[PDB]
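Chemist: Next up, model_28.csv (CSV, N, CA, C and O atoms and all ligand atoms).
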```csv
chain,number,residue,atom,x,y,z
A,908,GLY,N,0.8,-1.2,0.0
A,908,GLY,CA,0.0,0.0,0.0
A,908,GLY,C,0.8,1.3,0.0
A,908,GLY,O,0.8,2.1,0.9
A,909,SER,N,1.6,1.4,-1.1
A,909,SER,CA,2.5,2.6,-1.2
A,909,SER,C,1.7,3.9,-1.5
A,909,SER,O,0.5,3.8,-1.5
A,910,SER,N,2.4,5.0,-1.7
A,910,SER,CA,1.7,6.2,-2.0
A,910,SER,C,2.2,6.8,-3.4
A,910,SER,O,2.6,7.9,-3.5
A,911,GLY,N,2.0,5.9,-4.4
A,911,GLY,CA,2.4,6.4,-5.7
A,911,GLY,C,1.3,7.1,-6.5
A,911,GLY,O,1.0,6.7,-7.6
A,912,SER,N,0.6,8.0,-5.8
A,912,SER,CA,-0.5,8.7,-6.4
A,912,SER,C,-0.5,10.2,-5.9
A,912,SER,O,-0.1,10.5,-4.8
A,913,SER,N,-1.0,11.1,-6.7
A,913,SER,CA,-1.1,12.5,-6.4
A,913,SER,C,-2.2,13.2,-7.2
A,913,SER,O,-2.2,13.2,-8.4
A,914,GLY,N,-3.1,13.8,-6.5
A,914,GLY,CA,-4.2,14.5,-7.2
A,914,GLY,C,-5.4,14.9,-6.3
A,914,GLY,O,-6.1,14.0,-5.9
A,915,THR,N,-5.5,16.1,-6.0
A,915,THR,CA,-6.6,16.6,-5.1
A,915,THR,C,-7.9,16.7,-5.9
A,915,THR,O,-7.9,16.6,-7.1
A,916,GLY,N,-9.0,17.0,-5.2
A,916,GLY,CA,-10.3,17.1,-5.8
A,916,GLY,C,-11.4,17.3,-4.8
A,916,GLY,O,-11.3,18.0,-3.9
A,917,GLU,N,-12.5,16.5,-5.1
A,917,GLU,CA,-13.7,16.5,-4.2
A,917,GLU,C,-14.4,15.2,-4.2
A,917,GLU,O,-14.7,14.6,-5.2
A,918,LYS,N,-14.7,14.7,-3.0
A,918,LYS,CA,-15.4,13.4,-2.9
A,918,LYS,C,-16.7,13.6,-2.1
A,918,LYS,O,-16.9,13.2,-1.0
A,919,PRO,N,-17.7,14.2,-2.8
A,919,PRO,CA,-19.0,14.4,-2.3
A,919,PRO,C,-19.8,13.1,-2.1
A,919,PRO,O,-20.7,13.1,-1.3
A,920,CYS,N,-19.5,12.1,-2.9
A,920,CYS,CA,-20.1,10.8,-2.8
A,920,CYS,C,-19.2,9.7,-2.6
A,920,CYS,O,-18.1,9.7,-3.2
A,921,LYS,N,-19.5,8.8,-1.7
A,921,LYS,CA,-18.7,7.6,-1.4
A,921,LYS,C,-19.5,6.4,-1.1
A,921,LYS,O,-20.4,6.4,-0.2
A,922,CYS,N,-19.2,5.3,-1.8
A,922,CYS,CA,-19.9,4.1,-1.6
A,922,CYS,C,-19.5,3.4,-0.3
A,922,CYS,O,-18.3,3.3,0.0
A,923,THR,N,-20.5,2.9,0.5
A,923,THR,CA,-20.2,2.3,1.8
A,923,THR,C,-20.3,0.8,1.7
A,923,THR,O,-19.7,0.0,2.4
A,924,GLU,N,-21.1,0.3,0.7
A,924,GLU,CA,-21.3,-1.1,0.5
A,924,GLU,C,-20.0,-1.8,0.3
A,924,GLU,O,-19.8,-2.9,0.9
A,925,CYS,N,-19.1,-1.3,-0.5
A,925,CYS,CA,-17.8,-1.9,-0.7
A,925,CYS,C,-16.7,-1.0,-0.1
A,925,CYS,O,-15.6,-1.4,0.2
A,926,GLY,N,-17.0,0.3,-0.1
A,926,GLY,CA,-16.0,1.3,0.5
A,926,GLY,C,-15.2,2.0,-0.6
A,926,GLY,O,-14.1,2.5,-0.4
A,927,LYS,N,-15.8,2.0,-1.8
A,927,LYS,CA,-15.2,2.7,-3.0
A,927,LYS,C,-15.5,4.2,-3.0
A,927,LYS,O,-16.6,4.6,-2.7
A,928,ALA,N,-14.5,5.0,-3.2
A,928,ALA,CA,-14.6,6.5,-3.3
A,928,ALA,C,-14.8,7.0,-4.7
A,928,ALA,O,-14.2,6.5,-5.6
A,929,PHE,N,-15.7,8.0,-4.9
A,929,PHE,CA,-15.9,8.5,-6.2
A,929,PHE,C,-16.0,10.0,-6.1
A,929,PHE,O,-16.4,10.6,-5.1
A,930,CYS,N,-15.7,10.7,-7.2
A,930,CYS,CA,-15.7,12.2,-7.3
A,930,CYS,C,-16.8,12.6,-8.2
A,930,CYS,O,-17.4,13.7,-8.0
A,931,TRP,N,-17.2,11.8,-9.2
A,931,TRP,CA,-18.2,12.1,-10.1
A,931,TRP,C,-19.6,11.6,-9.7
A,931,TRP,O,-19.7,10.8,-8.7
A,932,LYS,N,-20.6,12.0,-10.3
A,932,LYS,CA,-22.0,11.5,-10.0
A,932,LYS,C,-22.4,10.3,-10.8
A,932,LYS,O,-22.7,9.3,-10.3
A,933,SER,N,-22.3,10.5,-12.1
A,933,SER,CA,-22.7,9.4,-13.0
A,933,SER,C,-21.9,8.1,-12.7
A,933,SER,O,-22.4,7.0,-12.9
A,934,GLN,N,-20.7,8.3,-12.2
A,934,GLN,CA,-19.8,7.2,-11.8
A,934,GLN,C,-20.4,6.3,-10.7
A,934,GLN,O,-20.3,5.1,-10.7
A,935,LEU,N,-21.2,7.0,-9.8
A,935,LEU,CA,-21.8,6.3,-8.7
A,935,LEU,C,-23.2,5.7,-9.2
A,935,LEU,O,-23.6,4.6,-8.8
A,936,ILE,N,-23.9,6.5,-10.0
A,936,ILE,CA,-25.2,6.0,-10.5
A,936,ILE,C,-25.1,4.6,-11.2
A,936,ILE,O,-26.0,3.8,-11.0
A,937,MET,N,-24.0,4.4,-11.8
A,937,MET,CA,-23.8,3.1,-12.5
A,937,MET,C,-23.1,2.1,-11.5
A,937,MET,O,-23.3,0.9,-11.6
A,938,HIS,N,-22.4,2.6,-10.5
A,938,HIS,CA,-21.7,1.8,-9.5
A,938,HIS,C,-22.8,1.0,-8.7
A,938,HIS,O,-22.5,-0.1,-8.3
A,939,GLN,N,-23.9,1.6,-8.5
A,939,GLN,CA,-25.0,1.0,-7.7
A,939,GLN,C,-25.6,-0.2,-8.5
A,939,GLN,O,-26.2,-1.1,-8.0
A,940,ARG,N,-25.6,0.0,-9.9
A,940,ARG,CA,-26.2,-1.0,-10.7
A,940,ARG,C,-25.6,-2.4,-10.4
A,940,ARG,O,-26.4,-3.4,-10.1
A,941,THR,N,-24.3,-2.6,-10.5
A,941,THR,CA,-23.6,-3.8,-10.2
A,941,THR,C,-23.9,-4.3,-8.8
A,941,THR,O,-23.9,-5.5,-8.5
A,942,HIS,N,-24.2,-3.4,-7.9
A,942,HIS,CA,-24.5,-3.7,-6.5
A,942,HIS,C,-26.0,-4.3,-6.4
A,942,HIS,O,-26.9,-3.6,-6.1
A,943,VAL,N,-26.1,-5.6,-6.7
A,943,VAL,CA,-27.4,-6.2,-6.6
A,943,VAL,C,-27.5,-7.0,-5.3
A,943,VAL,O,-28.6,-7.1,-4.8
A,944,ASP,N,-26.4,-7.5,-4.8
A,944,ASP,CA,-26.4,-8.3,-3.6
A,944,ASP,C,-26.9,-7.5,-2.4
A,944,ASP,O,-26.9,-6.2,-2.5
A,945,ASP,N,-27.2,-8.1,-1.3
A,945,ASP,CA,-27.7,-7.4,-0.1
A,945,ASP,C,-26.7,-7.6,1.0
A,945,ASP,O,-25.9,-8.5,1.0
A,946,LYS,N,-26.9,-6.8,2.0
A,946,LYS,CA,-26.0,-6.9,3.2
A,946,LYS,C,-26.1,-8.2,3.9
A,946,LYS,O,-27.2,-8.5,4.5
A,947,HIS,N,-25.1,-9.0,3.8
A,947,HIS,CA,-25.1,-10.4,4.5
A,947,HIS,C,-23.9,-10.5,5.4
A,947,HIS,O,-22.9,-9.8,5.3
A,948,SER,N,-24.0,-11.5,6.3
A,948,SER,CA,-22.9,-11.8,7.2
A,948,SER,C,-21.7,-12.3,6.5
A,948,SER,O,-21.8,-13.3,5.8
A,949,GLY,N,-20.5,-11.7,6.8
A,949,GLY,CA,-19.3,-12.1,6.2
A,949,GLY,C,-18.1,-11.3,6.6
A,949,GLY,O,-17.3,-11.8,7.4
A,950,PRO,N,-18.1,-10.0,6.2
A,950,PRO,CA,-17.0,-9.1,6.6
A,950,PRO,C,-17.0,-8.7,8.0
A,950,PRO,O,-17.5,-7.6,8.4
A,951,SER,N,-16.5,-9.6,8.9
A,951,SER,CA,-16.5,-9.3,10.3
A,951,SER,C,-15.6,-8.1,10.6
A,951,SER,O,-14.4,-8.1,10.4
A,952,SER,N,-16.2,-7.1,11.2
A,952,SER,CA,-15.5,-5.8,11.6
A,952,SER,C,-16.0,-5.3,12.9
A,952,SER,O,-17.0,-5.8,13.5
A,953,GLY,N,-15.4,-4.2,13.4
A,953,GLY,CA,-15.8,-3.6,14.7
A,953,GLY,C,-16.6,-2.4,14.5
A,953,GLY,O,-17.3,-2.0,15.4
A,1001,ZN,ZN,-19.8,0.0,-3.9
```
Could you render the structure from this file as structure tokens?
Modeler:
Amino acid sequence: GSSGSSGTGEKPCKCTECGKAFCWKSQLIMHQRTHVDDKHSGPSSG
């Protein structure tokens, strides 16, 4: 997990289902499409 990236902007929208970050709108509108599954027991977290 190095830091080989650089570029500021704005993240008004962020997916919580998977934890993916997005800056555009249309990008999220379609991101939800693939998200057909429902919240199920698996990712054990605190
Ligand atoms: Zn997602």
Chemist: Using only C-alpha atoms, which of A:942, A:914, A:952, A:947 sits nearest residue A:927?
Modeler: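 Of A:942, A:914, A:952, A:947, the one nearest residue A:927 is A:942, counting only C-alpha atoms.
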Chemist: Determine which residues of chain A receive a DSSP assignment of alpha helix (DSSP H), computed from the backbone, and state them as an mmCIF file with N, CA, C and O atoms, keeping the file's coordinate frame.
Modeler:
```
data_model
loop_
_atom_site.group_PDB
_atom_site.id
_atom_site.type_symbol
_atom_site.label_atom_id
_atom_site.label_comp_id
_atom_site.auth_asym_id
_atom_site.auth_seq_id
_atom_site.Cartn_x
_atom_site.Cartn_y
_atom_site.Cartn_z
ATOM 1 N N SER A 933 -22.300 10.500 -12.100
ATOM 2 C CA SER A 933 -22.700 9.400 -13.000
ATOM 3 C C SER A 933 -21.900 8.100 -12.700
ATOM 4 O O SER A 933 -22.400 7.000 -12.900
ATOM 5 N N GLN A 934 -20.700 8.300 -12.200
ATOM 6 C CA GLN A 934 -19.800 7.200 -11.800
ATOM 7 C C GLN A 934 -20.400 6.300 -10.700
ATOM 8 O O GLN A 934 -20.300 5.100 -10.700
ATOM 9 N N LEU A 935 -21.200 7.000 -9.800
ATOM 10 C CA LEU A 935 -21.800 6.300 -8.700
ATOM 11 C C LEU A 935 -23.200 5.700 -9.200
ATOM 12 O O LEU A 935 -23.600 4.600 -8.800
ATOM 13 N N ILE A 936 -23.900 6.500 -10.000
ATOM 14 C CA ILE A 936 -25.200 6.000 -10.500
ATOM 15 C C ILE A 936 -25.100 4.600 -11.200
ATOM 16 O O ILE A 936 -26.000 3.800 -11.000
ATOM 17 N N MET A 937 -24.000 4.400 -11.800
ATOM 18 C CA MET A 937 -23.800 3.100 -12.500
ATOM 19 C C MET A 937 -23.100 2.100 -11.500
ATOM 20 O O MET A 937 -23.300 0.900 -11.600
ATOM 21 N N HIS A 938 -22.400 2.600 -10.500
ATOM 22 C CA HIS A 938 -21.700 1.800 -9.500
ATOM 23 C C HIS A 938 -22.800 1.000 -8.700
ATOM 24 O O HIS A 938 -22.500 -0.100 -8.300
ATOM 25 N N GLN A 939 -23.900 1.600 -8.500
ATOM 26 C CA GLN A 939 -25.000 1.000 -7.700
ATOM 27 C C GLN A 939 -25.600 -0.200 -8.500
ATOM 28 O O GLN A 939 -26.200 -1.100 -8.000
ATOM 29 N N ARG A 940 -25.600 0.000 -9.900
ATOM 30 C CA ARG A 940 -26.200 -1.000 -10.700
ATOM 31 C C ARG A 940 -25.600 -2.400 -10.400
ATOM 32 O O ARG A 940 -26.400 -3.400 -10.100
ATOM 33 N N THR A 941 -24.300 -2.600 -10.500
ATOM 34 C CA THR A 941 -23.600 -3.800 -10.200
ATOM 35 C C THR A 941 -23.900 -4.300 -8.800
ATOM 36 O O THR A 941 -23.900 -5.500 -8.500
#
```
Chemist: Could you please extract the residues within 8 Å of ligand ZN 1001 (chain A), counting all atoms listed in the file, and hand them back as number ranges by chain?
Modeler: A: 921-928, 935, 938-939, 941-942
Chemist: I'd like the interatomic distance between atom CA of residue A:918 and atom CA of residue A:944, to a tenth of an Å.
Modeler: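 These atoms are spaced 24.3 Å apart.
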Chemist: Could you tell me how far atom O of residue A:932 lies from atom N of residue A:917, in Å and to one decimal?
Modeler: 13.5 Å
Chemist: Based on the backbone DSSP call, show me all residues of chain A assigned strand (DSSP E or B), as a PyMOL selection string.
Modeler: chain A and resi 920-921+928-929
Chemist: Would you mind reading off the distance between atom N of residue A:929 and atom N of residue A:912, one decimal, in Å?
Modeler: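 Interatomic distance here is 16.3 Å.
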